[PDB]
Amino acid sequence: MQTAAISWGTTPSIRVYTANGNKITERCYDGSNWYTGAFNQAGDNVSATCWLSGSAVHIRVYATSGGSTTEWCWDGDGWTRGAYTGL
């Protein structure tokens, strides 16, 4: 079991990603309760980074499964698969 954490704004919002048994899930905080995010993909290791473009949040999640890393992107309209490739 392995986690990644990011945050933004002043509230703040927090996202914590968890790799456990080859699935990555997301728990979210935006100032009230912790809830379950829409992020649900394969991998046994995860890292993440985020940035604001004005008020809009952008997140990149790096999900590693079987020796390969997939980038997942949030840009205000669901999780999309990104262009990242490895060595």
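Don't overthink the numbering: it's just position in the shown sequence, from 1. C-alpha atoms forming the largest set that superposes within 1.5 Å between two forms make up the rigid core.
Of the two segments 40-48 and 53-61, the one whose CA positions lie farther from the displayed form in 4 other deposited structures of this protein, once all are superposed on the rigid core, is 53-61.
As recorded in the PDB entry, 33-41 is the stretch of 33-41 and 53-61 with the greater mean C-alpha temperature factor.
Averaged over Cα atoms, the B-factor as recorded in the entry is higher for 15-23 than for the other of 68-76 and 15-23. Sort the modelled residues of the chain by CA B factor and residue 2 lands in the highest third.
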